[PDB]
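> sequence, then the experimental structure. Questions to follow.
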There are 12 protein chains.
Amino acid sequence: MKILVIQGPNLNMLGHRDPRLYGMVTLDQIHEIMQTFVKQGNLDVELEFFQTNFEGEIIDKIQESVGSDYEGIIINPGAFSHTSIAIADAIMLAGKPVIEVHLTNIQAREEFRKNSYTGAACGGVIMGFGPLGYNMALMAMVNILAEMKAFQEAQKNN
Amino acid sequence: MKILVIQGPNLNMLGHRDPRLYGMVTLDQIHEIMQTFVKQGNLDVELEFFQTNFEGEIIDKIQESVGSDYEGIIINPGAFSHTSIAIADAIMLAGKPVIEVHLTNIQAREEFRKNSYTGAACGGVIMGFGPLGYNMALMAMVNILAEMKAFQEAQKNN
Amino acid sequence: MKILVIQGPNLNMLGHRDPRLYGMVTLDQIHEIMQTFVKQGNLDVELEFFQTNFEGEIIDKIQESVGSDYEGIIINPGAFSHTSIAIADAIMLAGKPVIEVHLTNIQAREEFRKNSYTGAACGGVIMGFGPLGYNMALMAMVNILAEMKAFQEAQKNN
Amino acid sequence: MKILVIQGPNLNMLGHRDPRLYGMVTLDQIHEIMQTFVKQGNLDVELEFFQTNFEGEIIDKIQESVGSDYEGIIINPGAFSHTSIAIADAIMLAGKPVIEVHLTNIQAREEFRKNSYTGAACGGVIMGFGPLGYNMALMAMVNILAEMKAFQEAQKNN
Amino acid sequence: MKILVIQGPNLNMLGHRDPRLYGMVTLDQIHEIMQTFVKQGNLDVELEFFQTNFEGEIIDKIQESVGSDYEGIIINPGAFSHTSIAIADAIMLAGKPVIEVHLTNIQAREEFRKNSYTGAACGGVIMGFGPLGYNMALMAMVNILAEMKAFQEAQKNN
Amino acid sequence: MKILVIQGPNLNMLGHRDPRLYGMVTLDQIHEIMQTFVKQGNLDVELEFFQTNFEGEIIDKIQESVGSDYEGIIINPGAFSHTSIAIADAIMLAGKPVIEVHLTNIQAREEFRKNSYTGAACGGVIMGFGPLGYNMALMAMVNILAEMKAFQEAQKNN
Amino acid sequence: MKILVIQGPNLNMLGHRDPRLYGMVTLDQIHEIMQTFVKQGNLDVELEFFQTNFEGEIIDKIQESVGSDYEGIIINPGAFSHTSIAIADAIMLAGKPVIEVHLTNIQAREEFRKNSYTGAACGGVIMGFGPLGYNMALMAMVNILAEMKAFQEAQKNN
Amino acid sequence: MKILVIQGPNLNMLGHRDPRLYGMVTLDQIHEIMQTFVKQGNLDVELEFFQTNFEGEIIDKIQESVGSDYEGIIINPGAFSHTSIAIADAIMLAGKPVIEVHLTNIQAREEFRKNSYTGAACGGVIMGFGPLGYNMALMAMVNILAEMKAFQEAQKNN
Amino acid sequence: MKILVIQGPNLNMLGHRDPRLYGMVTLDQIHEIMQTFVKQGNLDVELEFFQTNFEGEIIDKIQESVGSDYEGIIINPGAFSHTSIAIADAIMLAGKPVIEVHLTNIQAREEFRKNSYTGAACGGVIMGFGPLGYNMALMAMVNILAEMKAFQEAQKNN
Amino acid sequence: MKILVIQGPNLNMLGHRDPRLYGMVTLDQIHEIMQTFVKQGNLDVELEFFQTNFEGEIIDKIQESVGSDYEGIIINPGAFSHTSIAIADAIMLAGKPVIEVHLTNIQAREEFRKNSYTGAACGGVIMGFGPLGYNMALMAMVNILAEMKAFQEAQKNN
Amino acid sequence: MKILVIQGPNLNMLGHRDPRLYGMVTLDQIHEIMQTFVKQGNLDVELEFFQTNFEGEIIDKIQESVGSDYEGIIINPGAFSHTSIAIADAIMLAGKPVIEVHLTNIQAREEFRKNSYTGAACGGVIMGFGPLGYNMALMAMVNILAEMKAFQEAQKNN
Amino acid sequence: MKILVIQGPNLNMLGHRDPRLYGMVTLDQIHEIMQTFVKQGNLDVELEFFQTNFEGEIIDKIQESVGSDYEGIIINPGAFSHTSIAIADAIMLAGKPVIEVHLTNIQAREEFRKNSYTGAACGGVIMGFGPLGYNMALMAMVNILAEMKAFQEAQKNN
Ligand SMILES: O=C1C[C@@](O)(C(=O)O)C[C@@H](O)[C@@H]1O
Ligand SMILES: O=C1C[C@@](O)(C(=O)O)C[C@@H](O)[C@@H]1O
Ligand SMILES: O=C1C[C@@](O)(C(=O)O)C[C@@H](O)[C@@H]1O
Ligand SMILES: O=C1C[C@@](O)(C(=O)O)C[C@@H](O)[C@@H]1O
Ligand SMILES: O=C1C[C@@](O)(C(=O)O)C[C@@H](O)[C@@H]1O
Ligand SMILES: O=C1C[C@@](O)(C(=O)O)C[C@@H](O)[C@@H]1O
Ligand SMILES: O=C1C[C@@](O)(C(=O)O)C[C@@H](O)[C@@H]1O
Ligand SMILES: O=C1C[C@@](O)(C(=O)O)C[C@@H](O)[C@@H]1O
Ligand SMILES: O=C1C[C@@](O)(C(=O)O)C[C@@H](O)[C@@H]1O
Ligand SMILES: O=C1C[C@@](O)(C(=O)O)C[C@@H](O)[C@@H]1O
Ligand SMILES: O=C1C[C@@](O)(C(=O)O)C[C@@H](O)[C@@H]1O
């Protein structure tokens, strides 16, 4: 049950960014808490991490998810979420649950961060809760896949 | 540890609303799942429910939260979140964590639902995950109050 | 066959308003003409009157209409029709015909009166014909309920 | 007492249009119901029908109404009502009551149908009530001309 | 000579608000300075205080002013002044002087506070001078009522 | 204690302007009432008058105020208040209280008079109360300088 | 030397229009003054008159001007000048001087009359001077054709 | 198999238009190349030509196409494609394939030529390729009607 | 009968400006043609010339016109006509005819030259006809003053 | 005679996309029909296929076309055509014909798909005709290169 | 080789301005560094300094530069660069190189400072580098005049 | 002292671009002049060159600059400067001086080139001076690093 975790642009440079917005945490410490989260709450979910500063690498990655190994995607397209209609399109072609995560609250920053093309493609969006946002996405995700296979087989024997 | 749960306008009429947006669930069944959630995961949080079609009752309610009995607020101001700068102001004067919850994804509907004055005042915002959104708010909330009293007393003996 | 008649804000102060827009008539004289209208043309429609300066009282009232006693609503949300997406939402959840009435022509006044969130939810909208507008709504309404029970039972014995 | 009835553009093609908007009725069946309406309720009003796909034919027609034979106009300028300031101007120069009628609710369609230049020139506007809209215009019209000759002669012997 | 003093939304929570905008003063200390103001400068003006977080309570209150006991209104509709066309309408129907007061300078804050529907209905508007703003309104008001009864009777004996 | 009084453009032509907006008063009669105001209420404030149709003369004048002779400025930049970011900048560089005064209510006129670049730089803004507006500015001003020297020396002996 | 004079829409109904805008003059009295103008000042210019409420008749007419009989066009496209890019295109294809005339000042009316697609195609535009506007166009026109044949032959013998 | 070819406004004046946009070709030479095109590639398509400067003649023409003689329409509504919602409506009521053709590239000219109301109604749009655009429309059209009768009868024997 | 002729900004530098817009003529040659115009057609009008690059000098000049020596103003506020609401205000306070003249056609240049605050204050506006524009203003002006003294005394003996 | 065929973003995932927009066809089946098209109609054009989800790979590819092997480009920049001014710039630097192709009609979808920066750089644009669009581009292209070498050598022996 | 250095509005008050934007430097210290710059790097450029708070004095000054004594202009129109189309026009009529300098980065401040009418007229624009900006302009300028006289005479002997 | 020089998109194709904008120079000749610049003026600055058509390669490159080898960046993000908030973010996370360079004047081209997200992140911006712009950036840069190490150590021994 692979859960793809895609981080947008400058998310790797967390730590050099404003300590007033992203505090003092690295894209790794947050990746490991998602671990200590699925590690703690025994959830047979093997999650993979992928981060790029390319709009293209993200789209490709999304596209490789149509395989099977992957059953869901937690993504923070970052700054590309307000401009990338291409990533938004990719998020629609994937036949899997995609949850958008934003460390900061995009409603409370520059006017050009209020809108999310990508987030409007995903099923749900989370923003504002710092690194804690991905764990929330993890909860939500496991609860969705669960409730989707319970509807899938529920309408198989009928 | 009272957690105030405030539901905006037509949220009580869930069930008569489009089954394509809000499915088939009532504002009560969702209130009880928040129960079976705090009931299950033993969390000493006694949560209260309050719902109004008045912008005024919401503001008042928010204001009564400056008491002490309340330590956090999970709110879905509903349609008022795009117009009410007054509720947004109230959300700023309260000295407590407020998490905004939206059943639907406001990025994917009419243009006049994209912006949230209220949500930009809160710490974080959740949207799209149906009734499951409040449980996510519950997780987030307990994890915030916890991490706030661990910072509060952490800087008391120093 | 109760027909709820809901008047928005300052509609009670008709008489103190500009005699150039609303002439010299009170919200009562207009309520009684709707009477002398259903009184004259024998139509078994008992209509109720309700007026508030609250967006909330209107929404509640709309909501109580899901009962049965009420079979239709003639409403003039007044100034709230250009701002209230909440009343507009309520007008959609009600499973009954709602006709919007405006004494004045909202196309011919301040730019902020041209749009009607509420009116776009209702089945039809009437504006410009002074107090005569509600009688037109009455005609229309009786003609709609009639043509709805003729379609209802028409597809019951088949 | 000639009442000119002017139908805008594609209104003749009713029947080929979306059955979801204009149902299944022709510009004739609706013209005859306005008949069976004035025919039934004995009202000495001889109404004439005129329909064009030309903005020009409409303006001319409006202009010929300054004669005397005509005492009122029920019009549905259709798609020209959002663009034609020329028809709107004509509606102002005519010294007679003009009532604008729209089968559909122009508040609930494409953004470019919300505004009516023409409708803002007329005394009142009706929209949403299907073919029933013109009968409402007929009621309104007879009630206006009546109340205008009662004011005309009322201030003649004084 | 009753002067109604109406305070909009979160104005009661002054003290919990930003000390950088509203400093450290309560809606009461400011109400008493308006007292020590009319108390000091002997002005036979008995002023009443009324504050609500409801757009509706404000409109009602305004409406009750058509009595006689009241001869003027000093109001700070607060956040509702940028959205409430209903309160603006009420301010026009009242046949008495209304002066709008804003503690802060609405020209120097968020873009959505620049416009005042309500303030454009009142005779004058004051903003920026902290609690001192209402005393200025008091001066202005007494100077207006005075200059209005001097014009009223001045054109009574002629 | 020199208080500079700066009048913008066509303010000298008061008297030739619309009697419906500025009534029948000259820029002098209003200057003398500010006199009979400080003359009456014994306030050791010697106020100077300066009026120009130049954006430049105003800026210069503002700049000469950094002297000492001047302790405050009451200004009506007039039509330049909606366009002059240069006068607005000057109003920020001056280290003294500036109060903006408008005879008319700029919220109730042409759309291009609603915004005030200059007024958003000043501490407060007054509009609508005819010539009485400057006396209000005078009150406010003396009350501010007073409350500023009471804070100045209050934090000198400590 | 035929000068085509094209009048747009409702220009024939001059006389029924607002006496506050177009006074009391008919499209004929103004046509004859253009006569008594070329009649008086001996100018061998035979001018033709053409008026329509059709955007199409105007374009055609413009197109027939590529003949030879016509050497210039004085036009008032009226309300079509703000919407007709087609008439504007026609005004560009004609290889002759076109002068746009407006009785009223289109800068001082509804926002939708400020722009002129057609006028921006013509060489010059005149507005505000009532019927006197066409005589001004006549002067201008004769002075242009004159100065064009003096440049035409001036660069023929060289 | 009649294919109606409708040319909008000033398309007949091709030749007098800018040689930089439309080169040196007449609406006839282009009509004959569509001939030498269907003449060469043996395609039993008899195409008719119709051109007007009237928005009305175009709509009528479109409407007459509901006959049978016509099986498709290649149209260049020209300048009316950016303003005519009426022609756009007509293009929707016709139950036949309509292909929009533009000699020039409307994306590369004045801002008011970028949008096509009419083109958004048609199945496809072609622009930029000079007269060659209609031959492309011809190819496309024959390929569509062919693929439509192969789907029509393909689901007739089943 | 002094006619003030006011030239805005860079109008003195005519000759250094684009020969494609203003050709090859100086602000003097154009001033003398207005002379050879009133000189030729015997019109007892002594016209004065005034040109500045200051918005202030223009306003002052306008203001000095309330004298008597001046009976009309022909003005080209130039670039200030799109920004100067102050000059526009001055043009309203003057109790004399003001005609706005523009060498070029402001409808056919940069978007920021389309609107004229000043021109909307004047009685009429002329643009596009090169230096010939002022002579047209001269005709118009003499024809207006003439028709104003014929109305003035016409209603003096009655 | 290499014709480069560049496909933008998610065009490879055709088949997983909405069957209502892109039907049931893969980026390959469409590539082979362009083959069976040049294969059938004997046209010595060897076309190459290139598809990326990168804005960068597209620009590079475009740039490599300045070689010689390539004589034209048929491109569908997809979602990047509305945002990529960089690809638009590349399309201008290439000294070869570029034809833009869109499977769907970008005039009939989300507002952010109406504009094409890239398409406005190309010579022509095709949209709406499903996979058939590229064959149309092929026709057009061969007809352009042909007509370009007939102009090239036509002005070589002269 | 006189280089005119023109400083816009409040640039003389540098020192009283925000130390966070303009630091602690006076318009003189910066004028002398431009000296110690041309003084150090032996460049036969005698530069003159001119500063005004008048839009008019700037335009005049620009105009006097058409003399000869001046061979270039380094200017910081300051706040007038976003509003003054008149100064922008003057910058176009001058037949000399003009370089615009901004101490601060106008892209990073209030929305009304992003655009520069004046800067778009100049050859180049520099912003952000504090007082160092003018020295950069000096380098650039000497390098331009040099490269202009090397092109001037380079095409004189040919 | 490595100075990273990053060139955006189509900057490598300089030479094929419009000779009217970028003249006749290649991205290399300009790179070598930056050499002959640091080569001439003995400045121990070893500058590196990097150019891509990828938004991603640029961000990466920026990110690698947090090393130490690099002490500054001169960048021309080209067309990405108006759209890339991601590159703008990267420019903020780097703890080094970044100077934005534009060959052309982005204030004087298409509306979509006026704004620079990236340039508003950098310390300063240079535009308009052709290849000479980078040498100006070089001067500025060396002068900044110098003045930064003089402030760095200046506050180390204290
Ligand atoms: O970099 C970021 C951070 C972000 O993705 C987030 O974590 O909330 C939100 C983005 O819009 C923003 O530009
Ligand atoms: O009613 C609703 C539902 C909502 O609150 C939600 O649950 O997501 C969102 C609101 O914007 C909307 O109007
Ligand atoms: O008050 C009114 C009256 C109104 O409801 C009407 O009766 O037409 C219309 C409202 O928009 C307006 O504000
Ligand atoms: O065609 C129609 C129908 C319409 O006139 C109506 O009947 O409501 C409304 C028009 O805006 C629209 O385009
Ligand atoms: O709360 C406030 C305070 C306010 O009323 C004032 O006191 O100035 C102004 C309002 O716009 C604002 O939202
Ligand atoms: O002239 C005036 C008068 C004014 O300054 C005032 O007195 O209120 C306001 C200005 O905006 C306006 O243009
Ligand atoms: O009808 C008219 C009159 C007009 O053409 C004129 O005469 O000035 C101007 C038009 O814009 C307007 O609609
Ligand atoms: O006239 C024309 C020509 C045109 O139809 C074309 O052929 O491309 C496009 C129209 O927008 C334009 O106004
Ligand atoms: O300079 C000019 C010339 C002008 O006044 C004219 O003569 O038409 C028009 C102005 O808008 C423009 O800026
Ligand atoms: O005052 C200033 C300073 C400025 O000219 C500058 O030095 O960068 C920029 C101007 O826009 C601004 O208003
Ligand atoms: O390509 C370019 C060139 C540019 O970077 C410059 O060199 O000035 C500016 C960019 O906006 C533009 O698209």
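Structure received. Numbers count the residues shown, from 1 in each chain, chains lettered A, B, ... in the order given. Ligands and ions are numbered 1, 2, ... in the order given.
> residue A:65 and residue A:95 touch, don't they?
No - using CB atoms under 8 Å, residue A:65 makes no contact with residue A:95, being 9.0 Å away. (C-beta placed from N, C-alpha, C; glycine too.)
> which residue does chain A bring closest to chain D?
residue A:115 (18.2 Å; CB to the nearest CB).
> by contact count, what packs against the lengthiest helix in chain A?
Ordering each helix of chain A by length in residues (DSSP state H) puts helix A:132-152 first. Using 3 or more CB pairs under 8 Å, 6 or more residues apart in numbering or on different chains; DSSP states H and E, the elements in contact with helix A:132-152 are strand A:2-7, helix A:29-33, helix A:35-40, strand A:70-76, strand A:98-102, strand A:124-127, helix B:132-152.
> now the ones you listed as TSV including mean neighbour count and distance to residue K:51?
Listed next are the helices and strands packed on helix A:132-152 as TSV, based on neighbours: other CB atoms under 10 Å in any protein chain shown; distance: least, CB to CB, whole Å:
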stretch	mean neighbour count	distance to residue K:51
strand A:2-7	22	51
helix A:29-33	16	54
helix A:35-40	13	63
strand A:70-76	24	50
strand A:98-102	26	48
strand A:124-127	28	48
helix B:132-152	19	53
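> so what's residue A:58 up against?
A:6, A:8, A:52, A:75, A:77, A:80, A:87, A:90 (CB atoms under 8 Å, 6 or more residues apart in numbering or on different chains).
> I meant residue A:91, not that one.
Neighbours of residue A:91 in contact, by CB under 8 Å, 6+ apart: A:62, A:75, A:98, A:118, A:121, A:122.
> quick check: the residue of chain A nearest ligand 8.
residue A:85 (26.1 Å; CB to the nearest ligand atom).
> ok, that residue - how many residues close by?
19 (other CB atoms under 10 Å in any protein chain shown).
> what's the residue lying closest to residue A:143 once chain neighbours are set aside in contact with, if anything?
Leaving aside its chain neighbours, residue A:143 sits nearest to residue B:132 (5.8 Å; criterion: CB to CB, 6 or more residues apart in numbering or on different chains). Contacts were defined as CB under 8 Å, 6+ apart; by that measure residue B:132 touches A:140, A:143, A:144.
> want to throw these into TSV with distance to residue K:19?
Formatted as TSV, the contacts of residue B:132 follow (distance: CB to CB, whole Å):
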residue	distance to residue K:19
A:140	49
A:143	54
A:144	54
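> which of those are close to ligand 2?
Filtering these for proximity to ligand 2 (criterion: CB under 6 Å from any ligand atom) leaves nothing.
> and of these, the nearest to residue H:40?
Nearest to residue H:40, judged by CB to CB, of these is residue A:144 at 59.9 Å.
> could you measure from that closest one over to ligand 6?
57 Å (CB to the nearest ligand atom, to the nearest Å).
> that residue touches residue A:73, doesn't it?
No - shown here, residue A:144 and residue A:73 do not form a contact pair, counting by CB under 8 Å, at 11.5 Å.
> any shared contact partners between these two?
residue A:97.
> so the residue in chain A positioned nearest to chain J is in which element?
Of all residues in chain A, the one sitting closest to chain J is residue A:56 (3.4 Å; CB to the nearest CB). Per DSSP states H and E: residue A:56 is located in helix A:55-64.
> now the contacts of residue B:132 as CSV including distance to ligand 3?
What follows is those, written out as CSV (distance: CB to the nearest ligand atom, whole Å):
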residue, distance to ligand 3
A:140, 42
A:143, 45
A:144, 44
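> how much space between the closest residue to residue A:117 other than its chain neighbours and residue A:9?
Once flanking residues are discounted, residue A:117 sits nearest to residue A:88: 4.1 Å by CB to CB, 6+ apart. Shown here: residue A:88 relative to residue A:9, a distance of 16 Å by CB to CB, to the nearest Å.
> do residue A:71 as well
When residue A:71 is compared with residue A:9 (using CB to CB), they lie 26 Å apart.
> distance of the closest residue to ligand 2 within chain A relative to residue B:101?
In chain A, no residue comes nearer to ligand 2 than residue A:124, which is 10.2 Å away by CB to the nearest ligand atom. Going from residue A:124 to residue B:101 by CB to CB gives 11 Å.
> quick check: neighbours shared by those two?
What both residue A:124 and residue B:101 touch, as defined by CB under 8 Å, 6+ apart, is the set B:126, B:127, B:133.
> of all of chain A, which residue lies closest to ligand 11?
For chain A, CB to the nearest ligand atom, closest residue to ligand 11: residue A:83, 16.5 Å.
> which one of residue A:88 and residue A:9 has more residues nearby?
residue A:9 (28 against 23).
> which residues touch that one?
Residue A:9 neighbours (CB under 8 Å, 6+ apart): A:52, A:53, A:78, A:79, A:80, L:59, L:86, L:89, L:90.
> of all those residues, which two lie farthest apart?
A:52 and L:89 (14.1 Å).
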